Amino acid sequence: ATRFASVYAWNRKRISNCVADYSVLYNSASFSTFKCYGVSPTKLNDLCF
Amino acid sequence: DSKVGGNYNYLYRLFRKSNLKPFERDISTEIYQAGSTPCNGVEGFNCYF
Amino acid sequence: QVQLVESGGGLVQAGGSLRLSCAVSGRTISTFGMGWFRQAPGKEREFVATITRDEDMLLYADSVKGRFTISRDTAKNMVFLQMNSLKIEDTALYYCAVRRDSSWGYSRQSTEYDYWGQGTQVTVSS
Amino acid sequence: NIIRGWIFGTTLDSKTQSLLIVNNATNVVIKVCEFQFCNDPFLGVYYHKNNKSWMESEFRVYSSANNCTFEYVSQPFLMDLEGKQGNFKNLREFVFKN
């Protein structure tokens with residue numbers, strides 16, 4: 001999404017349930033691999049936040 | 001971004017803290033400003049320039 | 001100015017294999033997170049690869065995706081980067097992962113690390 | 001059906017986020033916004049000019065939100081649009097806790 005082509009919006013968004021596995025990105029998808037600071041990238045698929 | 005005319009995307013602000021409890025998102029429709037705000041950095045490409 | 005010391009250097013045979021390990025101990029990569037990056041001739045910065053604690057998937061750089069490999073050991077407490085199928089274009093200074101500001105994490109961006117001190121000079125030619 | 005939803009909050013205005021639950025003929029709409037709840041909230045329903053069926057005109061439940069935090073949808077519960085029979089068989093019970 002190119003809507004947030006600025007710095008003031010911030011999109012003010014919240015997620016209710018995110019149960020998308022990390023390995024699903026290999027199903028012919030062209031999405032860049034997630035990079036996480038302070039925690040290993042796979043922690044999204046392992047633990048809760 | 002490297003090309004001129006993209007300066008419109010730049011817009012600085014402060015955090016939207018709310019409520020007495022620190023580190024809480026806008027919950028009571030507070031009053032917020034825009035433009036240059038205090039920040040820390042070198043005398044170069046920064047918030048105050 | 002002082003320059004970072006890394007294993008290797010000098011002329012490297014094309015298509016060979018070499019190891020890249022940091023030698024300095026004042027600012028180890030572990031403090032800022034294990035990783036490696038190289039500066040191409042001029043003022044261009046790029047990322048090569050890094051090893052994640054999971055050990056099941058390694059963050060690969062699109063430029064060298066599927067080329068470089070990293071070995072892992074339980075008690076060595078060190079990370080060694082191994083290069084495969086070297087090319088003439090690989091000629092570039094190699095730097096140890098260091099950040100100008102305090103931070104910790106894993107990432108796959110070219111501008112992840114940068115420092116004033118120069119790195120080991122590695123020349124690759126046929 | 002006459003009661004089309006409920007309102008939950010502390011100040012019942014734009015000074016605090018308030019849960020809003022409403023119902024319609026398509027889906028159950030649940031949203032969380034700083035709604036400026038009116039003193040007498042309700043849903044404006046009037047007979048259609050030609051269709052002769054009930055039609056919504058104004059959503060007199062709030063005036064402004066000024067903030068969005070959550071939105072959810074769900075399938076409608078039991079429908080009873082036009083009054084019929086002399087019994088209140090359409091009994092619905094709800095329990096809410098926080």
# chains A, B, ... in the order shown; residues from 1 in each chain; ligands from 1
call {"tool": "interface_residues", "arguments": {"of": "chain D", "to": "chain A", "cutoff": "8 Å", "atoms": "only C-alpha atoms", "output": "ChimeraX atom specification"}}
result
/D:68-70
call {"tool": "write_last_selection", "arguments": {"atoms": "C-alpha atoms", "output": "compact mmCIF listing (two decimals), in the first residue's frame"}}
result
# COMPACT_ATOMS: atom_id res chain seq x y z
CA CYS D 68 -11.22 4.76 14.67
CA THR D 69 -9.87 1.81 16.66
CA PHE D 70 -11.76 -1.37 15.69
call {"tool": "interface_residues", "arguments": {"of": "chain B", "to": "chain A", "cutoff": "7 Å", "atoms": "only C-alpha atoms", "output": "PyMOL selection string"}}
result
chain B and resi 9-13
call {"tool": "write_last_selection", "arguments": {"atoms": "N, CA and C atoms", "output": "PDB file, in the first residue's frame"}}
result
ATOM      1  N   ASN B   9       6.143  14.908   1.073  1.00  0.00           N
ATOM      2  CA  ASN B   9       6.007  13.735   1.928  1.00  0.00           C
ATOM      3  C   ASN B   9       6.521  13.985   3.339  1.00  0.00           C
ATOM      4  N   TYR B  10       7.448  14.924   3.513  1.00  0.00           N
ATOM      5  CA  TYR B  10       8.021  15.173   4.829  1.00  0.00           C
ATOM      6  C   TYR B  10       7.031  15.931   5.705  1.00  0.00           C
ATOM      7  N   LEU B  11       6.796  15.410   6.908  1.00  0.00           N
ATOM      8  CA  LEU B  11       5.940  16.084   7.882  1.00  0.00           C
ATOM      9  C   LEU B  11       6.248  15.490   9.250  1.00  0.00           C
ATOM     10  N   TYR B  12       6.773  16.311  10.153  1.00  0.00           N
ATOM     11  CA  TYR B  12       7.206  15.856  11.465  1.00  0.00           C
ATOM     12  C   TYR B  12       6.134  16.136  12.511  1.00  0.00           C
ATOM     13  N   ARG B  13       6.167  15.355  13.587  1.00  0.00           N
ATOM     14  CA  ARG B  13       5.188  15.478  14.659  1.00  0.00           C
ATOM     15  C   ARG B  13       5.776  14.870  15.924  1.00  0.00           C
TER      16      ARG B  13
END
call {"tool": "select_by_dssp", "arguments": {"residues": "stretch 97-126 of chain C", "states": "strand (DSSP E or B)", "output": "CSV table (one decimal) with N, CA, C and O atoms, in the first residue's frame"}}
result
chain,number,residue,atom,x,y,z
C,118,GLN,N,37.9,1.9,7.9
C,118,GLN,CA,37.8,1.1,6.7
C,118,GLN,C,38.0,-0.4,7.1
C,118,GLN,O,38.5,-0.7,8.2
C,120,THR,N,38.9,-4.6,5.8
C,120,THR,CA,39.9,-5.4,5.1
C,120,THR,C,39.7,-5.2,3.6
C,120,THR,O,38.6,-5.4,3.1
C,122,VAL,N,39.8,-6.7,0.0
C,122,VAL,CA,39.8,-7.9,-0.7
C,122,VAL,C,39.7,-7.7,-2.2
C,122,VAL,O,38.8,-7.0,-2.6
C,123,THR,N,40.6,-8.3,-2.9
C,123,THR,CA,40.7,-8.1,-4.4
C,123,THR,C,40.5,-9.5,-5.0
C,123,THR,O,41.2,-10.4,-4.7
C,124,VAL,N,39.5,-9.6,-5.9
C,124,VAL,CA,39.2,-10.8,-6.6
C,124,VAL,C,39.3,-10.6,-8.1
C,124,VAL,O,38.7,-9.6,-8.6
C,125,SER,N,40.1,-11.4,-8.8
C,125,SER,CA,40.2,-11.3,-10.2
C,125,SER,C,40.6,-12.7,-10.8
C,125,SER,O,41.0,-13.6,-10.1
call {"tool": "residues_around", "arguments": {"residues": "residue C:96", "least_positions_apart": "5", "cutoff": "7 Å", "atoms": "only C-alpha atoms", "output": "PyMOL selection string"}}
result
chain C and resi 22+29+36-37
call {"tool": "write_last_selection", "arguments": {"atoms": "N, CA and C atoms", "output": "tab-separated table (two decimals), in the first residue's frame"}}
result
chain	number	residue	atom	x	y	z
C	22	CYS	N	35.86	-11.68	11.91
C	22	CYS	CA	36.35	-10.45	12.51
C	22	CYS	C	37.50	-10.74	13.47
C	29	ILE	N	30.80	-8.02	16.95
C	29	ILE	CA	29.52	-8.04	16.25
C	29	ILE	C	28.42	-8.57	17.15
C	36	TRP	N	27.27	-9.44	8.59
C	36	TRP	CA	28.38	-9.03	7.74
C	36	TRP	C	27.86	-8.10	6.66
C	37	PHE	N	28.70	-7.15	6.27
C	37	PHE	CA	28.38	-6.24	5.18
C	37	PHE	C	29.68	-5.78	4.53
call {"tool": "residues_around", "arguments": {"residues": "residue A:37", "least_positions_apart": "2", "cutoff": "6 Å", "atoms": "only C-alpha atoms", "output": "list in words"}}
result
residues 39 of chain A; 105 and 106 of chain C
call {"tool": "residues_around", "arguments": {"residues": "stretch 67-70 of chain C", "least_positions_apart": "3", "cutoff": "7 Å", "atoms": "only C-alpha atoms", "output": "list in words"}}
result
residues 51, 64, 80, 81, 82, 83 and 84 of chain C
call {"tool": "write_last_selection", "arguments": {"atoms": "C-alpha atoms", "output": "PDB file, in the first residue's frame"}}
result
ATOM      1  CA  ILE C  51      22.783 -16.263  10.643  1.00  0.00           C
ATOM      2  CA  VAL C  64      24.217 -12.984  -3.248  1.00  0.00           C
ATOM      3  CA  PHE C  80      32.254 -17.643  10.282  1.00  0.00           C
ATOM      4  CA  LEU C  81      31.085 -16.519   6.839  1.00  0.00           C
ATOM      5  CA  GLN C  82      32.045 -18.736   3.892  1.00  0.00           C
ATOM      6  CA  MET C  83      31.932 -17.528   0.290  1.00  0.00           C
ATOM      7  CA  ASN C  84      31.200 -19.768  -2.690  1.00  0.00           C
TER       8      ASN C  84
END
call {"tool": "closest_atom_pairs", "arguments": {"of": "chain B", "to": "chain D", "cutoff": "8 Å", "atoms": "only C-alpha atoms", "output": "JSON lines"}}
result
{"residue": "B:27", "atom": "CA", "partner": "D:16", "partner_atom": "CA", "distance": 5.5}
{"residue": "B:28", "atom": "CA", "partner": "D:15", "partner_atom": "CA", "distance": 4.1}
{"residue": "B:29", "atom": "CA", "partner": "D:15", "partner_atom": "CA", "distance": 5.9}
call {"tool": "write_last_selection", "arguments": {"atoms": "N, CA and C atoms", "output": "CSV table (one decimal), in the first residue's frame"}}
result
chain,number,residue,atom,x,y,z
B,27,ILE,N,-6.7,8.4,23.1
B,27,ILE,CA,-7.9,7.8,23.6
B,27,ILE,C,-9.0,8.8,23.9
B,28,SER,N,-8.7,10.0,24.1
B,28,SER,CA,-9.7,11.0,24.6
B,28,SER,C,-9.7,12.2,23.6
B,29,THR,N,-9.2,12.1,22.4
B,29,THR,CA,-9.3,13.1,21.4
B,29,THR,C,-8.5,14.4,21.9
call {"tool": "interface_residues", "arguments": {"of": "chain A", "to": "chain C", "cutoff": "10 Å", "atoms": "only C-alpha atoms", "output": "CSV table (one decimal) with C-alpha atoms, in the first residue's frame"}}
result
chain,number,residue,atom,x,y,z
A,32,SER,CA,10.0,-9.5,1.3
A,33,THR,CA,11.1,-11.6,4.3
A,34,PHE,CA,10.2,-10.0,7.6
A,35,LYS,CA,13.1,-8.4,9.6
A,36,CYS,CA,12.6,-7.9,13.3
A,37,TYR,CA,14.7,-5.9,15.8
A,38,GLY,CA,15.0,-7.2,19.4
A,39,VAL,CA,13.7,-10.6,18.5
A,40,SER,CA,14.5,-13.2,15.9
A,41,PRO,CA,12.2,-13.0,12.8
A,42,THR,CA,10.6,-16.4,13.4
A,43,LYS,CA,9.3,-15.3,16.8
call {"tool": "select_by_dssp", "arguments": {"residues": "chain A", "states": "helix (DSSP H, G or I)", "output": "list in words"}}
result
residues 22, 23, 24, 25, 26, 43, 44, 45 and 46 of chain A
call {"tool": "write_last_selection", "arguments": {"atoms": "C-alpha atoms", "output": "mmCIF file, in the first residue's frame"}}
result
data_model
loop_
_atom_site.group_PDB
_atom_site.id
_atom_site.type_symbol
_atom_site.label_atom_id
_atom_site.label_comp_id
_atom_site.auth_asym_id
_atom_site.auth_seq_id
_atom_site.Cartn_x
_atom_site.Cartn_y
_atom_site.Cartn_z
ATOM 1 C CA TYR A 22 5.851 -17.225 8.295
ATOM 2 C CA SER A 23 6.490 -20.126 5.902
ATOM 3 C CA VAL A 24 3.357 -19.221 3.911
ATOM 4 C CA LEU A 25 5.401 -16.532 2.133
ATOM 5 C CA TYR A 26 6.996 -19.303 0.038
ATOM 6 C CA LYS A 43 9.307 -15.296 16.822
ATOM 7 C CA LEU A 44 6.196 -13.972 15.064
ATOM 8 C CA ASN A 45 5.297 -17.573 14.191
ATOM 9 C CA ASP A 46 6.499 -18.954 17.554
#
call {"tool": "residues_around", "arguments": {"residues": "residue C:112", "least_positions_apart": "6", "cutoff": "9 Å", "atoms": "only C-alpha atoms", "output": "PyMOL selection string"}}
result
chain C and resi 37+46-47+97-99
call {"tool": "residues_around", "arguments": {"residues": "residue D:72", "least_positions_apart": "2", "cutoff": "7 Å", "atoms": "only C-alpha atoms", "output": "list in words"}}
result
residues 29, 30, 31, 70 and 74 of chain D
call {"tool": "atom_distance", "arguments": {"atom1": "atom CA of residue D:61", "atom2": "atom CA of residue D:42"}}
result
5.4 Å
call {"tool": "atom_distance", "arguments": {"atom1": "atom CA of residue C:48", "atom2": "atom CA of residue C:113"}}
result
11.6 Å
